[PDB]
Amino acid sequence: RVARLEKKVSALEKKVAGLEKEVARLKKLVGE
Amino acid sequence: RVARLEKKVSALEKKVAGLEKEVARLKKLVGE
Amino acid sequence: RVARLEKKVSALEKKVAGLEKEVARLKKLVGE
Ligand SMILES: *C(=O)c1ccc(NC(C)=O)cc1
Ligand SMILES: *C(=O)c1ccc(NC(C)=O)cc1
Ligand SMILES: *C(=O)c1ccc(NC(C)=O)cc1
Ligand SMILES: *C(=O)c1ccc(NC(C)=O)cc1
Ligand SMILES: *C(=O)c1ccc(NC(C)=O)cc1
């Protein structure tokens, strides 16, 4: 159950990091 | 501990999933 | 290992909440 958790958390971290760069690019273009 | 972690991780996966769909829509809009 | 996981999931939860906040703001600014 835990080794399974570590995998998933690791995948989540990568997805969250990608969302972090898309979101920074968006905020910069949108401004306001 | 572990059941707690599994509930949390499931909930994150669905939230990341939702973030990913909103951000794809926003990139398409802002990117025109 | 479980305690490092718990902190990893805690940090992800915080990050997901902030991204949800920013994406909601951006949606409002971009419109429909
Ligand atoms: C949890 O991730 C987990 C559960 C059961 C086992 N069983 C093995 C490999 O014996 C591993 C990991
Ligand atoms: C940027 O979006 C970015 C760059 C590298 C990674 N790394 C992995 C392993 O996904 C994530 C996000
Ligand atoms: C983990 O979330 C966890 C830890 C302990 C228990 N209950 C018992 C009886 O150990 C449930 C869940
Ligand atoms: C998001 O990936 C998502 C949500 C719903 C569906 N399909 C239906 C029938 O709801 C596909 C994909
Ligand atoms: C896993 O996160 C983990 C395992 C052991 C310890 N602490 C000691 C003293 O072994 C911390 C964290």
# chains A, B, ... in the order shown; residues from 1 in each chain; ligands from 1
call {"tool": "residues_around", "arguments": {"residues": "residue 6 in chain B", "least_positions_apart": "4", "cutoff": "8 Å", "atoms": "only C-alpha atoms", "output": "ChimeraX atom specification"}}
result
/A:5 /B:2,10
call {"tool": "closest_atom_pairs", "arguments": {"of": "chain A", "to": "chain B", "cutoff": "8 Å", "atoms": "only C-alpha atoms", "output": "CSV"}}
result
residue,atom,partner,partner_atom,distance
A:1,CA,B:2,CA,7.5
A:2,CA,B:2,CA,7.2
A:5,CA,B:6,CA,7.0
A:8,CA,B:9,CA,7.6
A:9,CA,B:9,CA,7.1
A:12,CA,B:13,CA,7.0
A:15,CA,B:16,CA,7.4
A:16,CA,B:16,CA,7.1
A:19,CA,B:20,CA,7.0
A:22,CA,B:23,CA,7.3
A:23,CA,B:23,CA,7.4
A:26,CA,B:27,CA,7.3
A:29,CA,B:30,CA,7.7
A:30,CA,B:30,CA,7.7
call {"tool": "write_last_selection", "arguments": {"atoms": "N, CA, C and O atoms", "output": "PDB file, in the first residue's frame"}}
result
ATOM      1  N   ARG A   1       0.847  -1.178   0.000  1.00  0.00           N
ATOM      2  CA  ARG A   1       0.000   0.000   0.000  1.00  0.00           C
ATOM      3  C   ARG A   1       0.873   1.213   0.000  1.00  0.00           C
ATOM      4  O   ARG A   1       0.533   2.258  -0.591  1.00  0.00           O
ATOM      5  N   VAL A   2       2.052   1.156   0.633  1.00  0.00           N
ATOM      6  CA  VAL A   2       2.937   2.339   0.825  1.00  0.00           C
ATOM      7  C   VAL A   2       3.908   2.640  -0.328  1.00  0.00           C
ATOM      8  O   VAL A   2       4.104   3.753  -0.748  1.00  0.00           O
ATOM      9  N   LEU A   5       1.695   4.152  -2.681  1.00  0.00           N
ATOM     10  CA  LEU A   5       1.598   5.575  -2.355  1.00  0.00           C
ATOM     11  C   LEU A   5       2.803   6.420  -2.831  1.00  0.00           C
ATOM     12  O   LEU A   5       2.614   7.451  -3.442  1.00  0.00           O
ATOM     13  N   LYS A   8       2.565   7.044  -6.675  1.00  0.00           N
ATOM     14  CA  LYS A   8       1.503   7.983  -6.988  1.00  0.00           C
ATOM     15  C   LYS A   8       1.851   9.408  -6.590  1.00  0.00           C
ATOM     16  O   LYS A   8       1.609  10.316  -7.347  1.00  0.00           O
ATOM     17  N   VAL A   9       2.402   9.591  -5.393  1.00  0.00           N
ATOM     18  CA  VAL A   9       2.830  10.902  -4.901  1.00  0.00           C
ATOM     19  C   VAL A   9       3.888  11.509  -5.796  1.00  0.00           C
ATOM     20  O   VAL A   9       3.824  12.687  -6.142  1.00  0.00           O
ATOM     21  N   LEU A  12       2.123  12.605  -8.924  1.00  0.00           N
ATOM     22  CA  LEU A  12       1.457  13.846  -8.561  1.00  0.00           C
ATOM     23  C   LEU A  12       2.401  15.051  -8.515  1.00  0.00           C
ATOM     24  O   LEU A  12       2.040  16.129  -8.950  1.00  0.00           O
ATOM     25  N   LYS A  15       3.119  16.205 -12.038  1.00  0.00           N
ATOM     26  CA  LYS A  15       1.927  16.847 -12.646  1.00  0.00           C
ATOM     27  C   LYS A  15       1.716  18.242 -12.045  1.00  0.00           C
ATOM     28  O   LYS A  15       1.480  19.209 -12.779  1.00  0.00           O
ATOM     29  N   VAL A  16       1.821  18.340 -10.719  1.00  0.00           N
ATOM     30  CA  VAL A  16       1.729  19.618 -10.060  1.00  0.00           C
ATOM     31  C   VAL A  16       2.828  20.600 -10.564  1.00  0.00           C
ATOM     32  O   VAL A  16       2.506  21.757 -10.852  1.00  0.00           O
ATOM     33  N   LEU A  19       1.758  21.966 -13.995  1.00  0.00           N
ATOM     34  CA  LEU A  19       0.681  22.929 -13.727  1.00  0.00           C
ATOM     35  C   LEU A  19       1.163  24.282 -13.147  1.00  0.00           C
ATOM     36  O   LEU A  19       0.687  25.329 -13.579  1.00  0.00           O
ATOM     37  N   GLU A  22       2.553  25.928 -16.398  1.00  0.00           N
ATOM     38  CA  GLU A  22       1.482  26.489 -17.217  1.00  0.00           C
ATOM     39  C   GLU A  22       0.834  27.662 -16.558  1.00  0.00           C
ATOM     40  O   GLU A  22       0.559  28.691 -17.231  1.00  0.00           O
ATOM     41  N   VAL A  23       0.551  27.520 -15.263  1.00  0.00           N
ATOM     42  CA  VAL A  23      -0.117  28.606 -14.530  1.00  0.00           C
ATOM     43  C   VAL A  23       0.757  29.884 -14.476  1.00  0.00           C
ATOM     44  O   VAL A  23       0.208  30.966 -14.720  1.00  0.00           O
ATOM     45  N   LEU A  26       0.453  31.580 -17.840  1.00  0.00           N
ATOM     46  CA  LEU A  26      -0.859  32.195 -17.969  1.00  0.00           C
ATOM     47  C   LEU A  26      -0.991  33.521 -17.228  1.00  0.00           C
ATOM     48  O   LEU A  26      -1.442  34.514 -17.805  1.00  0.00           O
ATOM     49  N   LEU A  29       0.820  36.271 -19.031  1.00  0.00           N
ATOM     50  CA  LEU A  29       0.092  36.790 -20.229  1.00  0.00           C
ATOM     51  C   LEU A  29      -1.176  37.591 -19.849  1.00  0.00           C
ATOM     52  O   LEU A  29      -1.471  38.621 -20.455  1.00  0.00           O
ATOM     53  N   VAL A  30      -1.917  37.082 -18.854  1.00  0.00           N
ATOM     54  CA  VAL A  30      -3.210  37.653 -18.436  1.00  0.00           C
ATOM     55  C   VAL A  30      -3.054  38.985 -17.634  1.00  0.00           C
ATOM     56  O   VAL A  30      -3.814  39.945 -17.860  1.00  0.00           O
TER      57      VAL A  30
END
call {"tool": "calpha_fit_and_write", "arguments": {"fixed": "chain B", "moving": "chain A", "output": "PDB file with N, CA and C atoms, in the first residue's frame"}}
result
ATOM      1  N   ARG A   1      -2.058   5.775   9.387  1.00  0.00           N
ATOM      2  CA  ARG A   1      -1.369   6.860   8.713  1.00  0.00           C
ATOM      3  C   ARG A   1      -1.419   6.612   7.240  1.00  0.00           C
ATOM      4  N   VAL A   2      -1.405   5.347   6.800  1.00  0.00           N
ATOM      5  CA  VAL A   2      -1.304   4.980   5.360  1.00  0.00           C
ATOM      6  C   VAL A   2      -2.634   4.917   4.593  1.00  0.00           C
ATOM      7  N   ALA A   3      -3.585   4.275   5.196  1.00  0.00           N
ATOM      8  CA  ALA A   3      -4.974   4.314   4.783  1.00  0.00           C
ATOM      9  C   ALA A   3      -5.468   5.780   4.693  1.00  0.00           C
ATOM     10  N   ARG A   4      -4.836   6.662   5.472  1.00  0.00           N
ATOM     11  CA  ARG A   4      -5.224   8.068   5.504  1.00  0.00           C
ATOM     12  C   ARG A   4      -4.570   8.688   4.296  1.00  0.00           C
ATOM     13  N   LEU A   5      -3.279   8.389   4.096  1.00  0.00           N
ATOM     14  CA  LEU A   5      -2.571   8.808   2.887  1.00  0.00           C
ATOM     15  C   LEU A   5      -3.275   8.411   1.568  1.00  0.00           C
ATOM     16  N   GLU A   6      -3.685   7.154   1.438  1.00  0.00           N
ATOM     17  CA  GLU A   6      -4.395   6.702   0.246  1.00  0.00           C
ATOM     18  C   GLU A   6      -5.613   7.562  -0.062  1.00  0.00           C
ATOM     19  N   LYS A   7      -6.449   7.871   0.950  1.00  0.00           N
ATOM     20  CA  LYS A   7      -7.627   8.783   0.782  1.00  0.00           C
ATOM     21  C   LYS A   7      -7.244  10.122   0.222  1.00  0.00           C
ATOM     22  N   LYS A   8      -6.301  10.781   0.899  1.00  0.00           N
ATOM     23  CA  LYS A   8      -5.852  12.107   0.516  1.00  0.00           C
ATOM     24  C   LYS A   8      -5.274  12.143  -0.889  1.00  0.00           C
ATOM     25  N   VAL A   9      -4.438  11.167  -1.231  1.00  0.00           N
ATOM     26  CA  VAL A   9      -3.845  11.052  -2.565  1.00  0.00           C
ATOM     27  C   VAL A   9      -4.909  10.898  -3.629  1.00  0.00           C
ATOM     28  N   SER A  10      -5.896  10.052  -3.337  1.00  0.00           N
ATOM     29  CA  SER A  10      -7.039   9.882  -4.190  1.00  0.00           C
ATOM     30  C   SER A  10      -7.831  11.182  -4.393  1.00  0.00           C
ATOM     31  N   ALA A  11      -8.162  11.916  -3.312  1.00  0.00           N
ATOM     32  CA  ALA A  11      -8.731  13.264  -3.471  1.00  0.00           C
ATOM     33  C   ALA A  11      -7.814  14.230  -4.322  1.00  0.00           C
ATOM     34  N   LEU A  12      -6.528  14.266  -3.998  1.00  0.00           N
ATOM     35  CA  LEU A  12      -5.589  15.046  -4.789  1.00  0.00           C
ATOM     36  C   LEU A  12      -5.633  14.716  -6.283  1.00  0.00           C
ATOM     37  N   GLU A  13      -5.744  13.436  -6.618  1.00  0.00           N
ATOM     38  CA  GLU A  13      -5.782  13.033  -8.015  1.00  0.00           C
ATOM     39  C   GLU A  13      -6.986  13.599  -8.727  1.00  0.00           C
ATOM     40  N   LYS A  14      -8.131  13.602  -8.061  1.00  0.00           N
ATOM     41  CA  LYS A  14      -9.345  14.142  -8.648  1.00  0.00           C
ATOM     42  C   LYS A  14      -9.227  15.676  -8.839  1.00  0.00           C
ATOM     43  N   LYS A  15      -8.655  16.365  -7.834  1.00  0.00           N
ATOM     44  CA  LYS A  15      -8.484  17.837  -7.910  1.00  0.00           C
ATOM     45  C   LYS A  15      -7.497  18.195  -9.028  1.00  0.00           C
ATOM     46  N   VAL A  16      -6.379  17.472  -9.088  1.00  0.00           N
ATOM     47  CA  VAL A  16      -5.426  17.666 -10.151  1.00  0.00           C
ATOM     48  C   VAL A  16      -6.070  17.415 -11.547  1.00  0.00           C
ATOM     49  N   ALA A  17      -6.817  16.323 -11.722  1.00  0.00           N
ATOM     50  CA  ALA A  17      -7.536  16.103 -12.967  1.00  0.00           C
ATOM     51  C   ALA A  17      -8.472  17.264 -13.342  1.00  0.00           C
ATOM     52  N   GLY A  18      -9.195  17.860 -12.393  1.00  0.00           N
ATOM     53  CA  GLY A  18     -10.068  18.999 -12.726  1.00  0.00           C
ATOM     54  C   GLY A  18      -9.275  20.221 -13.190  1.00  0.00           C
ATOM     55  N   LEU A  19      -8.178  20.491 -12.484  1.00  0.00           N
ATOM     56  CA  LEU A  19      -7.218  21.541 -12.848  1.00  0.00           C
ATOM     57  C   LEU A  19      -6.562  21.354 -14.239  1.00  0.00           C
ATOM     58  N   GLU A  20      -6.244  20.112 -14.561  1.00  0.00           N
ATOM     59  CA  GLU A  20      -5.911  19.693 -15.896  1.00  0.00           C
ATOM     60  C   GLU A  20      -7.042  20.034 -16.886  1.00  0.00           C
ATOM     61  N   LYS A  21      -8.349  19.719 -16.678  1.00  0.00           N
ATOM     62  CA  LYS A  21      -9.180  20.094 -17.795  1.00  0.00           C
ATOM     63  C   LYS A  21      -9.221  21.595 -17.775  1.00  0.00           C
ATOM     64  N   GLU A  22      -9.510  22.514 -16.513  1.00  0.00           N
ATOM     65  CA  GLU A  22      -9.594  23.970 -16.583  1.00  0.00           C
ATOM     66  C   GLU A  22      -8.428  24.562 -17.304  1.00  0.00           C
ATOM     67  N   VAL A  23      -7.232  24.071 -16.977  1.00  0.00           N
ATOM     68  CA  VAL A  23      -6.017  24.609 -17.608  1.00  0.00           C
ATOM     69  C   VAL A  23      -6.003  24.355 -19.137  1.00  0.00           C
ATOM     70  N   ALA A  24      -6.369  23.152 -19.622  1.00  0.00           N
ATOM     71  CA  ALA A  24      -6.443  22.942 -21.092  1.00  0.00           C
ATOM     72  C   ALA A  24      -7.450  23.917 -21.746  1.00  0.00           C
ATOM     73  N   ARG A  25      -8.593  24.155 -21.099  1.00  0.00           N
ATOM     74  CA  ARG A  25      -9.578  25.060 -21.694  1.00  0.00           C
ATOM     75  C   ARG A  25      -8.965  26.493 -21.771  1.00  0.00           C
ATOM     76  N   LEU A  26      -8.298  26.917 -20.706  1.00  0.00           N
ATOM     77  CA  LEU A  26      -7.671  28.229 -20.677  1.00  0.00           C
ATOM     78  C   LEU A  26      -6.616  28.429 -21.761  1.00  0.00           C
ATOM     79  N   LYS A  27      -5.669  27.487 -21.841  1.00  0.00           N
ATOM     80  CA  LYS A  27      -4.622  27.534 -22.867  1.00  0.00           C
ATOM     81  C   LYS A  27      -5.208  27.626 -24.273  1.00  0.00           C
ATOM     82  N   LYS A  28      -6.312  26.918 -24.524  1.00  0.00           N
ATOM     83  CA  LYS A  28      -6.942  26.935 -25.833  1.00  0.00           C
ATOM     84  C   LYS A  28      -7.529  28.319 -26.117  1.00  0.00           C
ATOM     85  N   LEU A  29      -8.205  28.918 -25.128  1.00  0.00           N
ATOM     86  CA  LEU A  29      -8.775  30.284 -25.334  1.00  0.00           C
ATOM     87  C   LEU A  29      -7.680  31.369 -25.462  1.00  0.00           C
ATOM     88  N   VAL A  30      -6.642  31.258 -24.621  1.00  0.00           N
ATOM     89  CA  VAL A  30      -5.565  32.261 -24.530  1.00  0.00           C
ATOM     90  C   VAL A  30      -4.583  32.207 -25.744  1.00  0.00           C
ATOM     91  N   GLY A  31      -4.242  30.993 -26.196  1.00  0.00           N
ATOM     92  CA  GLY A  31      -3.387  30.803 -27.377  1.00  0.00           C
ATOM     93  C   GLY A  31      -2.022  31.357 -27.044  1.00  0.00           C
ATOM     94  N   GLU A  32      -1.604  32.384 -27.776  1.00  0.00           N
ATOM     95  CA  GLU A  32      -0.298  33.023 -27.571  1.00  0.00           C
ATOM     96  C   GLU A  32       0.823  31.993 -27.278  1.00  0.00           C
TER      97      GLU A  32
END
